[PDB]
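**Q** Right, I'll just put the structure down here and ask away after.
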Amino acid sequence: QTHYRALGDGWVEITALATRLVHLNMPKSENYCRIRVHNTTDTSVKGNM
Amino acid sequence: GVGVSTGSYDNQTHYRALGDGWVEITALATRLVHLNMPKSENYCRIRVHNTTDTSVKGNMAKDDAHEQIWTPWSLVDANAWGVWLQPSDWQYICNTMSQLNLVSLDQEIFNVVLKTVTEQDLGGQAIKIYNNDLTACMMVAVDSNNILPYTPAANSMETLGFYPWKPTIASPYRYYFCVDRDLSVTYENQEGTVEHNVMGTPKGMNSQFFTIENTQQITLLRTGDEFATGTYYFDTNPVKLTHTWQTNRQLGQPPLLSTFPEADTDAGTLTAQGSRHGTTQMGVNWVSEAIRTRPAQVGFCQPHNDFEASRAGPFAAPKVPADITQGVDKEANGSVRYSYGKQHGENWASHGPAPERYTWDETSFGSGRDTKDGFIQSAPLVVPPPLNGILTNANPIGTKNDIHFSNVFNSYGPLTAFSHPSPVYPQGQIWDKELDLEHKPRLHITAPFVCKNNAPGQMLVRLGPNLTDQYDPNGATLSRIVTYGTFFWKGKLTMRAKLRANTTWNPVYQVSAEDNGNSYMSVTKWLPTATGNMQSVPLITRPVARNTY
Amino acid sequence: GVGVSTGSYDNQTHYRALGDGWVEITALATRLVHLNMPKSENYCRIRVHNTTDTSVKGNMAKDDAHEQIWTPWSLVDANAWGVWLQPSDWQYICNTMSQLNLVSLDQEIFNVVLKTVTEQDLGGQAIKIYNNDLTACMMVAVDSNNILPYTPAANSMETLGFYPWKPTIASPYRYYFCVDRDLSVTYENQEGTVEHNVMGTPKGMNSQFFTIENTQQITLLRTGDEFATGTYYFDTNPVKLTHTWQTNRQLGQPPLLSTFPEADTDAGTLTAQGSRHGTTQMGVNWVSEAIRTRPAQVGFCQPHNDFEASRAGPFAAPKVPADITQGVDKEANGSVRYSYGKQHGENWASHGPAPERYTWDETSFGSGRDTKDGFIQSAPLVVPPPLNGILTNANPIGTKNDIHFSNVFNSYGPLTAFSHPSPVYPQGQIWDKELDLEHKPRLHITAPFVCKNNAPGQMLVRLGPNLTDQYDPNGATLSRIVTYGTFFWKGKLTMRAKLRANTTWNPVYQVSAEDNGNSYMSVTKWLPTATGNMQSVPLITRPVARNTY
Amino acid sequence: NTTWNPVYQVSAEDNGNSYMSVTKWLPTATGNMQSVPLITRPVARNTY
Amino acid sequence: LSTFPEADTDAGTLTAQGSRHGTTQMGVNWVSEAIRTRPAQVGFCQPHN
Amino acid sequence: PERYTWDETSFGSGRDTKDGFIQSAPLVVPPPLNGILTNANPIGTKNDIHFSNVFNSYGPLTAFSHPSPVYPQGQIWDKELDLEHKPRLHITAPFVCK
Amino acid sequence: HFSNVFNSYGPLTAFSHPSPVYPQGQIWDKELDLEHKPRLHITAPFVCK
Amino acid sequence: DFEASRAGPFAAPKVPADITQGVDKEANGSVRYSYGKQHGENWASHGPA
């Protein structure tokens, strides 16, 4: 629920609440990996900076 | 003294949020009222009898024959919504608040000025000179006990002006005398003559001639004097700033769907009617949405344009305002037709003498009645009914084929629950006085805030008589030096409102001001033109929908 | 009462030395303001569209098409330096003090007089008679919360008069309406047509029509009443009454001289560049005064006469005022061109309708930019550069040979440290209101004292409406007895200054008044002529130089 | 509220080709919700 | 405004530019709405892409 | 995906690029052909690039408005960049945590 | 070229303070006596306030 | 950029930043120090440079 509370000389205290069901799947690998992205198919074409 | 001022111009509206979601609106209104001298210094019993209308056969609705006592006093009547609030204030209140209630009313008269006119030649063509009368006064009486008849000037569209920067005038006070009027009902070019078009003599039993001198406490005000009538505390009921949509076929639990739609286009079929649970009041062995038992009727049917007649002439019986349906007809549900002037909202660029009119369609969408699609079946329900088993809005009642059963059908009953009609912006009426009868109405369609205990005392002003040196009291001459006056009126209307609560997922309706175009809410209506011609068209009072049940 | 006065004329300036070298200047200003009745009693949205200028191709700078809401209220606007101080006071403050700061502002309205005019023949040719209205009032509202738009009358040269012995007038109040204006850029007698010269309708999103009746607390003032708005305490930053001279080639330690001059005529050679110590940012193996590393840039380059356009039409972007260099051009550094009238400093013997104009050349000699002598070399420094390795103020940008690189080059950066522009005497502007945006400007070029918290509330006066006996509110006639009024305005501006310190050996620059001649500071300008024709030309604000770094 | 005229407001319009029709913020027959952005600053204010 | 409009359609002409009071930063002997001196720039130009 | 261009509602800070122009240093209106630079003249030699593509006029007297928060697919807060001279604003979030 | 004239200092520009230089550096500096100071001095990292 | 305001042409100071893979040092304002034997020059340098 969101709760509006008018407190003082024209000041409202909005109290936003958010509850979700997060679905945590297992990781792809258990290692910290330094992956490199290099799209040569785009940047090899002249004019694609 | 004559050279010092006795008040302050104030026109601001002050919102004050106090407590758990309650705002205290403090509307202020100051005008410059222009009091002219009365037409005569006598109380006169004038009679209106339009024989040119009612002599024509078929004009019983065009009757306005009556008698009125015309007093020399003028009315400072301020119960209209446009006096106190600007259109931005009304838009913010109707969008942001959920209900409105009246609290109190202070009123004041200050900065009195009386001036007499004289003539000079200066070119051979005489001009007026407006001198100053430092000793002439004006008479003020507040009818706080309501001895005099309650005549609201919002009935005649004659209240204070709605634009604060323009000087306004005071409406003349007059009330109704009780004489008998009889008019014979006849239609258009009917063979025969009008039997009754008479009006009676004053009756000895019920004749009330009130004077304002014998009934009130009159304060004289010179140029240095002020008047202030104190805080009248209202005892009204709150009106709701949210509108309803649920009809009698949208109350309770919906029937559970047997099948569900696969795509976003098709519908979902319910349980078949012959094998469906629920309750009805008909004797058939099936339940349907039309004949399911509801808690209460939301809107009632009311007779269209019934002209009753009881010792005063034919008058149309008032209808409770409800929504106009998909069947667009506005007369059946009683949409009020306002006719106002340049002081109260007409565009000032209208050179014609015709007023500005507006039909107020009500936003109570569950109480509206569709007259062409209403029907009555026989006492045992056998659908599809035969020809002689159903009465629709095509069959003639009596012998008249222009009149159907919806014109005479009243279905107000014990389980009828309708909504209070919305306040109308600027050319509305704020409060009313409860009728002095033992069994009161449930509502007034002229005002949303009917005062339970006492109406606020209506203010009566006039100019004191300025006499010449020649004055014979037994001679009907009354030379009477031509005077007039201007004074300042300041009033404070306190209101209490509650803030709106947001429960729905979707964005709800709001009154937003649109761009310049053919739309109803273009900004160029609420902005002055090149010559400063302002205009006030009404605003929606109830934008946000609410749940009935 | 009507026969007693309610204030005192006061115009003196009181210097009070308090503390360790701090003077409390107490400037006082009293004028007789002449309030005439408004042209109309309506708020009107007037539109200006000079098609005779903008229809000619090449006249985008001559555009002044807009819309304004014209209020019936007049503005008592006092923020100009000539209102409070005489020229001797300004000369003493600018010579003797080192900085100036604003403290507080009291304002007052007293000795109200309202008079109505009438006609008499007396010779067959009618003359006016100015009677007295002891009961008519005038309306005063101070916008201390700044609801209304901030329109300084120092923009239109319409503030109070600068000569205390002459009666002055109040400027009419009006503000800007937000409509869209589009103008197509084209040069002189270009083949083709002007594609865009349109102006739009009012927009529903951003339209603000303010009335002064619904927003303010209006005090009515008769002949015996006074008004006094209390001490507004300023929260500004001090301006400095000393000027700077150090450019970017005069910051830090000078290079030590290898040889010294024998006589008083010859110069002293420094250490040779290839074998000189120091730091640079170029890659060359020598240090010089041009390429030596400085702490910060003192003046920045700014684009000359850039006409931007965003939903209102072409407007020139404002420049920070800096010194005009040995390269005398005044447009590049933004020397403000003032155009004022006889009430504000024009010689009264000028029978022509043309105003008195004056270019204010700034005295910030280190921040000035020389545009003909500016140049850009290639990224590795190789001096002397070839033709294709240098961009000077002769090369065409784009294809236009009338436009060079200095017209588009902006070099405002993080290490840019410029000086605040000096206040301008009499026809200046003292304070301003900070723009209601999240990221404010660092300075305002219209006023040296931008109020941090709230601007002082602008004072709005008008005459109360005097009506004849004939007044129809639904008829647009408004007969309106011809009245006017005069009142007295007294204000007190408190300032705090610091005394100057003398560190230099040589006599420093001072603003002295010279004898009668062709000089700019002859005394005969500040003295009345045989018929009493005074004149106020501006004075130098910052005579005494100071050290930047 | 200082201005005389009615100021701009974000109102939800009827089913049509408008940007603020209610049928975007209502689920369909199979429950397919949708969130398009809303205007953050409807009400104009005075800069200077 | 030097002149005011009579009807609701026409505009109102201001004081002529060569004989108008005010302040500018250009060297011309006339004041106009385009070249009038303002307190601050509201929007800045920024390099496209 | 679903795409949407967020047009800002700061109507005083907007720049009209076709109607922007630069005149020469002494103002002589109507200017000649070589005395005005409009949004039609080629900068460098490129006729697809005009002077508005390179013109930056951010200065000391520049006062713009903070960009509005975007509903649902906005971003509420951000982290201030760990540099000595911070930006005046973040265009990704209206509430930069101090 | 265009890089010789292009200034892109703007409101959303966040750069780093220049590092002190060993031995032949400069420790402190004096702030310039102007109303609108620079954000930094490139001669010294510690500008005395 | 060699600006000029009442004292002669002076180069405008740049904020020092990194020289990129595009090795040019003049664009980002790399400071060029020139010092002597008292401040860090090798004392075996017989030249006056």
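**Q** Within segment B:463-477, does at least one residue satisfy the condition of being among the small types (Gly, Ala, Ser), over 29 Å from C:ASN474 (Cα atoms) and touching a residue at least 12 places away in the same chain (Cβ under 8 Å)?
**A** Within segment B:463-477 (the criterion being among the small types (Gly, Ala, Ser), over 29 Å from C:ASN474 (Cα atoms) and touching a residue at least 12 places away in the same chain (Cβ under 8 Å)), the answer is no, since none of the residues qualifies.
Here is a yes/no grid of residues against (1) in contact with a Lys or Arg (Cβ under 8 Å, 6 or more places away or on another chain); (2) over 27 Å from A:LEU17 (Cα atoms):
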| residue | (1), (2) |
| --- | --- |
| B:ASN474 | no, yes |
| B:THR477 | no, yes |
| B:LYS490 | no, yes |
| B:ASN502 | no, no |
| B:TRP505 | no, no |
| B:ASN518 | no, yes |
| B:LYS525 | no, yes |
| B:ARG546 | yes, no |
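**Q** Pull up segment B:45-62, narrow it to residues that are over 28 Å from the mean Cα position of the chain (by Cα) and exposed (fewer than 13 other Cβ atoms within 10 Å of the Cβ), then point me to the one that is farthest from B:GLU195 (Cα to Cα).
**A** B:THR52
**Q** Looking at C:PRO380 and the list (1) more than 17 Å from H:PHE10 (Cα to Cα); (2) in contact with an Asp or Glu (Cβ under 7 Å, 6 or more places away or on another chain), which single condition is not satisfied?
**A** Condition (1) is where C:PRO380 drops out.
**Q** Moving to a separate point now. If you go through segment H:38-49 one residue at a time, do you hit one that is at the interface with chain C (Cβ under 10 Å from one of its Cβ atoms), hydrophobic (A, V, I, L, M, F, W, C), over 19 Å from G:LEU40 (Cβ atoms) and surrounded by fewer than 18 Cβ atoms within 10 Å (Cβ to Cβ)?
**A** Checked segment H:38-49: at least one residue is at the interface with chain C (Cβ under 10 Å from one of its Cβ atoms), hydrophobic (A, V, I, L, M, F, W, C), over 19 Å from G:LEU40 (Cβ atoms) and surrounded by fewer than 18 Cβ atoms within 10 Å (Cβ to Cβ).
**Q** Oh, and also: Restricting to segment F:50-92, and then to whatever is within 10 Å of chain G (Cβ to nearest Cβ), exposed (fewer than 14 other Cβ atoms within 10 Å of the Cβ) and among the charged types (D, E, K, R), can you tell me which residue is nearest to C:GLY398 (Cα to Cα)?
**A** For segment F:50-92, the residue satisfying everything is F:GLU84.
**Q** For C:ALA476, are the conditions met, namely being aliphatic (A, V, I, L, M), part of a loop (DSSP other than H, G, I, E, B) and closer than 17 Å to C:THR236 by Cα?
**A** So C:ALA476 does not fit the description; no.
**Q** Here's a follow-up. From the set of residues in segment C:462-490 that are more than 24 Å from B:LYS342 (Cα to Cα) and surrounded by 23 or more Cβ atoms within 10 Å (Cβ to Cβ), which is nearest to the other protein chains (Cβ to nearest Cβ)?
**A** Per the stated criteria, the residue is C:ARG462.
**Q** Please give the number of the condition C:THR359 fails out of (1) within 14 Å of chain H (Cβ to nearest Cβ); (2) β-branched (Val, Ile, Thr); (3) not in a loop (DSSP other than H, G, I, E, B).
**A** Unmet for C:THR359, out of (1) within 14 Å of chain H (Cβ to nearest Cβ); (2) β-branched (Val, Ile, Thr); (3) not in a loop (DSSP other than H, G, I, E, B): (1).
**Q** Name the helices (runs of 4 or more DSSP H) wholly within segment C:48-107 that hold at least 1 residues that are within 14 Å of chain F (Cβ to nearest Cβ)? Quick ask: steps written out before the conclusion?
**A** Values: elements: C:51-54, C:81-84, C:87-96.
Answer list for segment C:48-107: C:51-54.
**Q** Take B:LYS525 and decide whether it is within 14 Å of chain C (Cβ to nearest Cβ), under 23 Å from B:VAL424 (Cα atoms) and out of contact with any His (no Cβ under 7 Å at 6 or more places or on another chain). Reasoning before the result, please.
**A** On the way: within 14 Å of chain C (Cβ to nearest Cβ): yes; under 23 Å from B:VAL424 (Cα atoms): yes; out of contact with any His (no Cβ under 7 Å at 6 or more places or on another chain): yes.
Here the answer is yes, as B:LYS525 does meet what is asked.
**Q** Anything in segment C:374-400 that is more than 39 Å from the chain's Cα centre (by Cα), away from every other protein chain (no Cβ under 11 Å) and in a loop (DSSP other than H, G, I, E, B)? List them, or say none.
**A** C:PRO384, C:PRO386
**Q** Something else about it: Please determine, by comparing only the residues of segment B:159-172 that are in contact with a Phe, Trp or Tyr (Cβ under 8 Å, 6 or more places away or on another chain) and part of a loop (DSSP other than H, G, I, E, B), which one is surrounded by the most Cβ atoms within 10 Å (Cβ to Cβ).
**A** The qualifying residue surrounded by the most Cβ atoms within 10 Å (Cβ to Cβ) is B:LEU160.
**Q** Could you grab me the full set of residues in segment G:22-37 that are surrounded by 14 or more Cβ atoms within 10 Å (Cβ to Cβ), within 7 Å of another protein chain (Cβ to nearest Cβ) and either touching a residue at least 24 places away in the same chain (Cβ under 8 Å) or farther than 20 Å from C:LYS440 by Cα (or both)?
**A** G:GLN24, G:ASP29, G:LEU32, G:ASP33
**Q** Out of segment C:401-426, which residues are assigned to a loop (DSSP other than H, G, I, E, B), closer than 28 Å to F:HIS50 by Cα and at the interface with chain G (Cβ under 9 Å from one of its Cβ atoms)?
**A** C:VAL408, C:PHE409, C:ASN410, C:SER411, C:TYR412, C:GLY413, C:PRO414
**Q** If only one of B:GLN470, B:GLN429 is under 30 Å from B:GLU356 (Cα atoms) and of a type outside the set (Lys, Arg), which one is it?
**A** Just a single option satisfies the conditions, and that option is B:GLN429.
**Q** Ok, one more. Quick one: count up the residues across segment B:335-355 that are farther than 21 Å from B:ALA530 by Cα and surrounded by fewer than 20 Cβ atoms within 10 Å (Cβ to Cβ).
**A** Of the residues in that region, 8 qualify.
**Q** Can you tell me how many residues in segment B:509-522 are more than 7 Å from every other protein chain (Cβ to nearest Cβ) and surrounded by 22 or more Cβ atoms within 10 Å (Cβ to Cβ)?
**A** Result for segment B:509-522: 0.
**Q** Where residues in segment H:1-21 are within 30 Å of C:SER364 (Cα to Cα) and acidic (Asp, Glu), which of them is surrounded by the most Cβ atoms within 10 Å (Cβ to Cβ)?
**A** Looking at the filtered set, the residue picked out is H:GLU3.
**Q** Looking at C:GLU308 and the list (1) assigned to a loop (DSSP other than H, G, I, E, B); (2) of a type outside the set (A, V, I, L, M, F, W, C); (3) farther than 17 Å from H:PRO9 by Cα; (4) free of Cβ contacts under 8 Å to residues at least 40 places away in the same chain, which single condition is not satisfied?
**A** In the conditions (1) assigned to a loop (DSSP other than H, G, I, E, B); (2) of a type outside the set (A, V, I, L, M, F, W, C); (3) farther than 17 Å from H:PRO9 by Cα; (4) free of Cβ contacts under 8 Å to residues at least 40 places away in the same chain, C:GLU308 misses (1) alone.
**Q** So C:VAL284 clears everything in (1) of a type in the set (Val, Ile, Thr); (2) crowded, with 21+ Cβ neighbours inside 10 Å; (3) away from chain G (no Cβ under 14 Å) except one condition, right? Which one?
**A** Single failed check for C:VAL284: (2).
**Q** While we're looking at this one, here's another question. Kindly indicate whether B:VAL239 is under 30 Å from B:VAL511 (Cβ atoms) and among the aliphatic types (A, V, I, L, M).
**A** It is true that B:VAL239 is under 30 Å from B:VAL511 (Cβ atoms) and among the aliphatic types (A, V, I, L, M).
**Q** Checking the conditions here, which among B:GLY278, B:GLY252 is surrounded by 15 or more Cβ atoms within 10 Å (Cβ to Cβ), of a type outside the set (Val, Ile, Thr), on the phi > 0 side of the Ramachandran plot and part of a loop (DSSP other than H, G, I, E, B)?
**A** Selected residue: B:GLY278, the only one of B:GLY278, B:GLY252 that is surrounded by 15 or more Cβ atoms within 10 Å (Cβ to Cβ), of a type outside the set (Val, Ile, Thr), on the phi > 0 side of the Ramachandran plot and part of a loop (DSSP other than H, G, I, E, B).
**Q** I'd like the full set of residues that are under 25 Å from B:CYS137 (Cα atoms) and free of Cβ contacts under 8 Å to residues at least 24 places away in the same chain, limited to segment B:429-462.
**A** Within segment B:429-462, no residue meets the criteria.
**Q** Out of C:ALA263, C:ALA272, I need the residue that is of a type in the set (A, V, I, L, M), within 29 Å of H:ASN28 (Cα to Cα) and more than 8 Å from every other protein chain (Cβ to nearest Cβ). Which one? Talk me through it step by step, then tell me what you get.
**A** Working: C:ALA263 fails: within 29 Å of H:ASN28 (Cα to Cα).
So the residue among C:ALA263, C:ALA272 that is of a type in the set (A, V, I, L, M), within 29 Å of H:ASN28 (Cα to Cα) and more than 8 Å from every other protein chain (Cβ to nearest Cβ) is C:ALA272.
**Q** Mind counting the residues in segment C:173-225 that are part of a loop (DSSP other than H, G, I, E, B), surrounded by fewer than 19 Cβ atoms within 10 Å (Cβ to Cβ), more than 8 Å from every other protein chain (Cβ to nearest Cβ) and not small (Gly, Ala, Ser)?
**A** Within segment C:173-225, residues that are part of a loop (DSSP other than H, G, I, E, B), surrounded by fewer than 19 Cβ atoms within 10 Å (Cβ to Cβ), more than 8 Å from every other protein chain (Cβ to nearest Cβ) and not small (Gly, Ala, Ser) number 7.
**Q** Of these, B:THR231, B:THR186, B:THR259, B:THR201, which one is in contact with a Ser or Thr (Cβ under 6 Å, 6 or more places away or on another chain), of a type in the set (S, T, N, Q) and more than 30 Å from B:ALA497 (Cα to Cα)?
**A** Exactly one of B:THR231, B:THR186, B:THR259, B:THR201 is in contact with a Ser or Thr (Cβ under 6 Å, 6 or more places away or on another chain), of a type in the set (S, T, N, Q) and more than 30 Å from B:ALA497 (Cα to Cα), namely B:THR259.
With ideal geometry, Cβ positions are generated from the backbone for all residues, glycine too; neighbour counts draw on all protein chains shown. Bear in mind that the values in this text are calculations on the coordinates, not laboratory data.
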